[PDB]
Amino acid sequence: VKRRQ
Amino acid sequence: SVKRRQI
Amino acid sequence: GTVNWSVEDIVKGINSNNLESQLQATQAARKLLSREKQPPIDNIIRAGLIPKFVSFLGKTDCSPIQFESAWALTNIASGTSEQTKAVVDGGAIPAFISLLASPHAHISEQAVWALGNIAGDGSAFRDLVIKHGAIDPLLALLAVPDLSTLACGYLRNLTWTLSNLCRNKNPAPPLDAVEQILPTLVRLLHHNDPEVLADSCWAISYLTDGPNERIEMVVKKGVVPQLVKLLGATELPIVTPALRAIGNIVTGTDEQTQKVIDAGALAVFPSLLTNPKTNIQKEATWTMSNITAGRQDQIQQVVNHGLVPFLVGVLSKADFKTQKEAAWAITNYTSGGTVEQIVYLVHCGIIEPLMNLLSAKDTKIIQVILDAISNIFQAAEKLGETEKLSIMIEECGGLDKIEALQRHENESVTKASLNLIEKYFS
């Protein structure tokens with residue numbers, strides 16, 4: 001569940 | 001900004 | 001001599017058919033455009049001077065007027081998109097690229113600067129500068145055995161312009177352009193000038209701001225150890241883009257994230273998570289949140305490096321945007337971690353600062369926190385210790401927060417509210 005910038 | 005003015 | 005000319009006098013000299021009169025009028029325009037307070041860029045544009053400046057770029061037998069007109073156009077291009085467009089519309093892009101090979105270093109440098117301003121406007125002008133063929137002659141200026149032999153300002157300007165060719169998405173720069181630039185970028189990332197290092201990291205931060213395939217192009221160049229080294233620099237202008245690049249890389253695959261851990265990045269985060277600059281603390285916690293979204297062995301590295309107490313710290317006291325990132329780190333941790341890892345999180349004191357943040361009004365952080373509480377209860381179910389966690393939550397006022405949250409305006413928070421009370425608080 002990565003969250004981009 | 002990523003622009004530069006030369007003084 | 002050429003100080004404080006009116007635009008009218010500049011136009012008169014430039015239209016004069018006298019090359020020396022034109023040179024003096026162009027220098028006067030340069031000095032006007034180089035003053036600190038409100039350069040009259042629009043006045044110069046409206047006078048129709050850009051086509052004449054562009055034609056002066058090609059006067060090989062008078063290098064002073066090439067320099068002065070390049071400087072004048074550089075500063076016009078430093079303005080708004082409209083003002084940069086006027087420079088491009090006058091045909092300046094191929095003229096400046098031609099000047100990159102000038103034998104006069106100060107003229108070559110001026111063309112580098114101008115192209116950096118044009119490419120820096122946005123992806124369209126960036127890609128237009130690339131289509132005109134700027135990358136080959138720009139990289140050739142750095143084709144020396146040791147960068148230390150180049151003039152300091154010359155090298156800083158080239159690094160900045162190259163970084164603008166790496167900047168922006170929608171779309172990202174052409175893949176072949178990125179591949180052509182990267183080896184020089186890697187070389188600049190190992191240079192010993194702080195400004196070159198800062199702009200090299202910014203360039204890498206741009207190239208890693210995208211899908212995993214873009215991150216992989218950078219990670220495969222072996223630059224992660226150098227990025228981690230720059231993470232520990234004393235200069236904030238270096239740490240900021242280095243941290244941005246590292247944080248971008250850990251948004252990729254578990255394997256790309258592992259390269260960051262392998263390089264020793266976690267050892268810097270006690271400093272980063274307590275850094276007095278709010279933005280560093282926020283982006284370091286964001287980075288931590290994407291690492292705790294990884295594999296259980298990567299969560300374990302966060303544990304081994306003593307970073308869970310630091311996450312408790314930022315959750316307890318930080319800028320609210322940093323606290324929101326800390327909440328994400330906790331929910332990601334509790335979503336992928338083992339029972340033991342989740343137990344260790346409670347032992348470090350995560351519960352009370354978690355409950356205290358349920359007073360916030362940012363509806364998303366409440367959803368994030370409520371998810372984390374459910375995840376921790378699910379681990380406490382496997383140990384049969386839900387009643388112990390319920391006592392912890394009610395003893396620090398958390399039950400009063402959840403029991404008053406079933407009447408919230410968002411509905412996914414009211415459903416999560418009531419579900420927790422029905423199962424564990426009855």
# chains A, B, ... in the order shown; residues from 1 in each chain; ligands from 1
$ closest_atom_pairs --of "chain C" --to "chain B" --cutoff "12 Å" --atoms "only C-alpha atoms" --output "CSV"
residue,atom,partner,partner_atom,distance
C:30,CA,B:7,CA,9.7
C:31,CA,B:7,CA,8.6
C:32,CA,B:7,CA,10.2
C:33,CA,B:7,CA,8.4
C:34,CA,B:7,CA,4.8
C:35,CA,B:7,CA,6.5
C:36,CA,B:7,CA,7.0
C:37,CA,B:7,CA,10.6
C:38,CA,B:5,CA,11.6
C:39,CA,B:5,CA,10.2
C:41,CA,B:5,CA,11.5
C:68,CA,B:6,CA,11.9
C:70,CA,B:6,CA,11.1
C:71,CA,B:6,CA,7.7
C:72,CA,B:6,CA,9.3
C:73,CA,B:5,CA,10.3
C:74,CA,B:5,CA,7.3
C:75,CA,B:5,CA,5.2
C:76,CA,B:5,CA,8.3
C:77,CA,B:3,CA,8.2
C:78,CA,B:3,CA,5.2
C:79,CA,B:3,CA,7.5
C:80,CA,B:3,CA,9.3
C:81,CA,B:3,CA,10.3
C:83,CA,B:3,CA,11.9
C:84,CA,B:3,CA,10.0
C:109,CA,B:6,CA,11.6
C:110,CA,B:6,CA,9.4
C:112,CA,B:4,CA,11.7
C:113,CA,B:4,CA,8.1
C:114,CA,B:4,CA,9.1
C:115,CA,B:3,CA,10.1
C:116,CA,B:3,CA,7.3
C:117,CA,B:3,CA,4.9
C:118,CA,B:3,CA,8.1
C:119,CA,B:3,CA,8.9
C:120,CA,B:2,CA,5.8
C:121,CA,B:3,CA,7.3
C:122,CA,B:2,CA,9.6
C:157,CA,B:4,CA,10.0
C:160,CA,B:2,CA,9.1
C:161,CA,B:3,CA,9.5
C:162,CA,B:2,CA,11.9
C:163,CA,B:2,CA,9.6
C:164,CA,B:2,CA,7.5
C:165,CA,B:2,CA,11.1
C:166,CA,B:2,CA,11.8
C:167,CA,B:2,CA,9.2
C:168,CA,B:2,CA,10.5
C:199,CA,B:2,CA,10.9
C:202,CA,B:2,CA,10.8
C:203,CA,B:2,CA,11.7
$ closest_atom_pairs --of "chain C" --to "chain A" --cutoff "8 Å" --atoms "only C-alpha atoms" --output "tab-separated table"
residue	atom	partner	partner_atom	distance
C:209	CA	A:5	CA	7.4
C:248	CA	A:5	CA	7.1
C:251	CA	A:2	CA	5.3
C:252	CA	A:2	CA	7.5
C:290	CA	A:2	CA	5.4
C:293	CA	A:1	CA	5.8
C:332	CA	A:1	CA	7.4
$ write_last_selection --atoms "N, CA and C atoms" --output "JSON list (two decimals), in the first residue's frame"
[["chain", "number", "residue", "atom", "x", "y", "z"],
["C", 209, "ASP", "N", 10.43, 10.03, -9.23],
["C", 209, "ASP", "CA", 9.04, 10.41, -8.99],
["C", 209, "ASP", "C", 8.21, 9.91, -10.16],
["C", 248, "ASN", "N", 11.03, 8.66, -2.63],
["C", 248, "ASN", "CA", 10.44, 8.24, -3.90],
["C", 248, "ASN", "C", 10.77, 6.79, -4.20],
["C", 251, "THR", "N", 8.65, 4.12, -2.61],
["C", 251, "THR", "CA", 7.30, 3.91, -3.13],
["C", 251, "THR", "C", 7.25, 2.83, -4.19],
["C", 252, "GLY", "N", 8.40, 2.29, -4.60],
["C", 252, "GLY", "CA", 8.45, 1.25, -5.60],
["C", 252, "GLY", "C", 8.24, -0.14, -5.02],
["C", 290, "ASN", "N", 6.02, 4.37, 4.00],
["C", 290, "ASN", "CA", 6.11, 3.49, 2.85],
["C", 290, "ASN", "C", 7.04, 2.31, 3.09],
["C", 293, "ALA", "N", 4.96, -0.20, 4.97],
["C", 293, "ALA", "CA", 4.04, -0.84, 4.05],
["C", 293, "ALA", "C", 4.68, -2.00, 3.30],
["C", 332, "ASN", "N", 0.01, 1.15, 8.27],
["C", 332, "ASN", "CA", 0.73, 0.24, 7.38],
["C", 332, "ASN", "C", 1.49, -0.82, 8.17]]
$ atom_distance --atom1 "atom CA of residue C:254" --atom2 "atom CA of residue C:205"
18.6 Å
$ select_by_dssp --residues "stretch 244-389 of chain C" --states "helix (DSSP H, G or I)" --output "number ranges by chain"
C: 244-249, 254-262, 265-272, 278-291, 296-304, 308-316, 320-336, 339-347, 351-359, 363-382, 386-389
$ residues_around --residues "residue C:328" --least-positions-apart "4" --cutoff "10 Å" --atoms "only C-alpha atoms" --output "list in words"
residues 3 of chain A; 285, 286, 288, 289, 290, 292, 293, 322, 323, 324, 332, 333, 334, 365, 368, 369, 371 and 372 of chain C
$ write_last_selection --atoms "N, CA, C and O atoms" --output "PDB file, in the first residue's frame"
ATOM      1  N   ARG A   3       2.274   4.954  -0.999  1.00  0.00           N
ATOM      2  CA  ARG A   3       1.647   6.245  -1.260  1.00  0.00           C
ATOM      3  C   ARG A   3       2.659   7.160  -1.932  1.00  0.00           C
ATOM      4  O   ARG A   3       3.692   7.493  -1.340  1.00  0.00           O
TER       5      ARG A   3
ATOM      6  N   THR C 285       8.939  10.950   7.804  1.00  0.00           N
ATOM      7  CA  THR C 285       7.860  10.107   8.304  1.00  0.00           C
ATOM      8  C   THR C 285       7.055   9.509   7.156  1.00  0.00           C
ATOM      9  O   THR C 285       6.618   8.354   7.230  1.00  0.00           O
ATOM     10  N   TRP C 286       6.846  10.286   6.091  1.00  0.00           N
ATOM     11  CA  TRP C 286       6.245   9.741   4.878  1.00  0.00           C
ATOM     12  C   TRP C 286       7.064   8.569   4.351  1.00  0.00           C
ATOM     13  O   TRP C 286       6.516   7.516   4.007  1.00  0.00           O
ATOM     14  N   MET C 288       9.086   6.656   6.092  1.00  0.00           N
ATOM     15  CA  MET C 288       8.884   5.552   7.025  1.00  0.00           C
ATOM     16  C   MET C 288       7.558   4.849   6.766  1.00  0.00           C
ATOM     17  O   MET C 288       7.474   3.617   6.850  1.00  0.00           O
ATOM     18  N   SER C 289       6.512   5.615   6.444  1.00  0.00           N
ATOM     19  CA  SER C 289       5.200   5.024   6.204  1.00  0.00           C
ATOM     20  C   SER C 289       5.220   4.073   5.018  1.00  0.00           C
ATOM     21  O   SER C 289       4.503   3.065   5.019  1.00  0.00           O
ATOM     22  N   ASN C 290       6.025   4.370   3.999  1.00  0.00           N
ATOM     23  CA  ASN C 290       6.113   3.486   2.846  1.00  0.00           C
ATOM     24  C   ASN C 290       7.039   2.306   3.090  1.00  0.00           C
ATOM     25  O   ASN C 290       6.922   1.290   2.395  1.00  0.00           O
ATOM     26  N   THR C 292       7.155   0.808   6.231  1.00  0.00           N
ATOM     27  CA  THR C 292       6.294  -0.064   7.025  1.00  0.00           C
ATOM     28  C   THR C 292       5.154  -0.654   6.210  1.00  0.00           C
ATOM     29  O   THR C 292       4.440  -1.527   6.717  1.00  0.00           O
ATOM     30  N   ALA C 293       4.959  -0.199   4.974  1.00  0.00           N
ATOM     31  CA  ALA C 293       4.040  -0.841   4.047  1.00  0.00           C
ATOM     32  C   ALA C 293       4.684  -2.001   3.298  1.00  0.00           C
ATOM     33  O   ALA C 293       4.046  -2.579   2.412  1.00  0.00           O
ATOM     34  N   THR C 322       2.868  16.079   9.758  1.00  0.00           N
ATOM     35  CA  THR C 322       3.790  15.011  10.126  1.00  0.00           C
ATOM     36  C   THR C 322       3.078  13.932  10.931  1.00  0.00           C
ATOM     37  O   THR C 322       3.311  12.736  10.718  1.00  0.00           O
ATOM     38  N   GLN C 323       2.198  14.334  11.854  1.00  0.00           N
ATOM     39  CA  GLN C 323       1.432  13.360  12.625  1.00  0.00           C
ATOM     40  C   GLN C 323       0.556  12.507  11.717  1.00  0.00           C
ATOM     41  O   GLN C 323       0.384  11.305  11.958  1.00  0.00           O
ATOM     42  N   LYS C 324      -0.004  13.111  10.666  1.00  0.00           N
ATOM     43  CA  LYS C 324      -0.816  12.350   9.720  1.00  0.00           C
ATOM     44  C   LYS C 324       0.017  11.289   9.011  1.00  0.00           C
ATOM     45  O   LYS C 324      -0.441  10.157   8.818  1.00  0.00           O
ATOM     46  N   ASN C 332       0.013   1.146   8.272  1.00  0.00           N
ATOM     47  CA  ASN C 332       0.732   0.243   7.379  1.00  0.00           C
ATOM     48  C   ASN C 332       1.485  -0.823   8.166  1.00  0.00           C
ATOM     49  O   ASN C 332       1.468  -2.005   7.800  1.00  0.00           O
ATOM     50  N   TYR C 333       2.155  -0.416   9.248  1.00  0.00           N
ATOM     51  CA  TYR C 333       2.825  -1.356  10.143  1.00  0.00           C
ATOM     52  C   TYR C 333       1.862  -2.431  10.634  1.00  0.00           C
ATOM     53  O   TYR C 333       2.127  -3.631  10.501  1.00  0.00           O
ATOM     54  N   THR C 334       0.731  -2.012  11.209  1.00  0.00           N
ATOM     55  CA  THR C 334      -0.223  -2.963  11.767  1.00  0.00           C
ATOM     56  C   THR C 334      -0.937  -3.773  10.696  1.00  0.00           C
ATOM     57  O   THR C 334      -1.509  -4.821  11.011  1.00  0.00           O
ATOM     58  N   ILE C 365      -7.455  11.182   8.714  1.00  0.00           N
ATOM     59  CA  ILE C 365      -6.589  10.658   9.767  1.00  0.00           C
ATOM     60  C   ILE C 365      -7.397   9.848  10.772  1.00  0.00           C
ATOM     61  O   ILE C 365      -6.870   8.916  11.390  1.00  0.00           O
ATOM     62  N   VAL C 368      -7.728   6.498   9.176  1.00  0.00           N
ATOM     63  CA  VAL C 368      -6.443   5.809   9.262  1.00  0.00           C
ATOM     64  C   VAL C 368      -6.233   5.255  10.666  1.00  0.00           C
ATOM     65  O   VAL C 368      -5.819   4.103  10.844  1.00  0.00           O
ATOM     66  N   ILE C 369      -6.531   6.064  11.685  1.00  0.00           N
ATOM     67  CA  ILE C 369      -6.327   5.632  13.064  1.00  0.00           C
ATOM     68  C   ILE C 369      -7.285   4.502  13.422  1.00  0.00           C
ATOM     69  O   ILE C 369      -6.884   3.504  14.033  1.00  0.00           O
ATOM     70  N   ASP C 371      -8.589   2.311  11.493  1.00  0.00           N
ATOM     71  CA  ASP C 371      -8.072   1.100  10.863  1.00  0.00           C
ATOM     72  C   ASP C 371      -6.961   0.483  11.703  1.00  0.00           C
ATOM     73  O   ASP C 371      -6.935  -0.733  11.925  1.00  0.00           O
ATOM     74  N   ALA C 372      -6.029   1.315  12.175  1.00  0.00           N
ATOM     75  CA  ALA C 372      -4.924   0.809  12.983  1.00  0.00           C
ATOM     76  C   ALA C 372      -5.428   0.150  14.260  1.00  0.00           C
ATOM     77  O   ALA C 372      -4.934  -0.912  14.655  1.00  0.00           O
TER      78      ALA C 372
END
$ residues_around --residues "residue C:256" --least-positions-apart "4" --cutoff "9 Å" --atoms "only C-alpha atoms" --output "PyMOL selection string"
chain C and resi 212+215-216+219+249-252+260
$ write_last_selection --atoms "N, CA, C and O atoms" --output "mmCIF file, in the first residue's frame"
data_model
loop_
_atom_site.group_PDB
_atom_site.id
_atom_site.type_symbol
_atom_site.label_atom_id
_atom_site.label_comp_id
_atom_site.auth_asym_id
_atom_site.auth_seq_id
_atom_site.Cartn_x
_atom_site.Cartn_y
_atom_site.Cartn_z
ATOM 1 N N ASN C 212 7.323 2.340 -11.145
ATOM 2 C CA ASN C 212 8.463 1.532 -10.716
ATOM 3 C C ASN C 212 9.508 1.384 -11.813
ATOM 4 O O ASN C 212 10.703 1.255 -11.516
ATOM 5 N N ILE C 215 11.790 4.333 -11.466
ATOM 6 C CA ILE C 215 12.644 4.136 -10.297
ATOM 7 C C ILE C 215 13.753 3.141 -10.613
ATOM 8 O O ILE C 215 14.912 3.331 -10.222
ATOM 9 N N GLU C 216 13.418 2.074 -11.342
ATOM 10 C CA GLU C 216 14.387 1.014 -11.600
ATOM 11 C C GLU C 216 15.546 1.510 -12.456
ATOM 12 O O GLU C 216 16.691 1.086 -12.261
ATOM 13 N N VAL C 219 17.761 3.117 -9.775
ATOM 14 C CA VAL C 219 18.309 2.176 -8.800
ATOM 15 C C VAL C 219 19.338 1.262 -9.456
ATOM 16 O O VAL C 219 20.365 0.923 -8.851
ATOM 17 N N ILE C 249 12.010 6.376 -3.944
ATOM 18 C CA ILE C 249 12.436 5.020 -4.281
ATOM 19 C C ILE C 249 11.639 3.991 -3.487
ATOM 20 O O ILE C 249 11.253 2.941 -4.018
ATOM 21 N N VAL C 250 11.354 4.279 -2.212
ATOM 22 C CA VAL C 250 10.622 3.320 -1.382
ATOM 23 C C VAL C 250 9.129 3.308 -1.663
ATOM 24 O O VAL C 250 8.398 2.553 -1.011
ATOM 25 N N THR C 251 8.647 4.116 -2.611
ATOM 26 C CA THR C 251 7.299 3.912 -3.127
ATOM 27 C C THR C 251 7.247 2.826 -4.193
ATOM 28 O O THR C 251 6.152 2.481 -4.649
ATOM 29 N N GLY C 252 8.395 2.289 -4.599
ATOM 30 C CA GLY C 252 8.453 1.245 -5.604
ATOM 31 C C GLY C 252 8.237 -0.136 -5.023
ATOM 32 O O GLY C 252 7.500 -0.321 -4.047
ATOM 33 N N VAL C 260 17.373 0.424 -0.438
ATOM 34 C CA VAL C 260 17.504 1.553 0.475
ATOM 35 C C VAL C 260 17.893 1.071 1.869
ATOM 36 O O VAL C 260 18.785 1.640 2.513
#
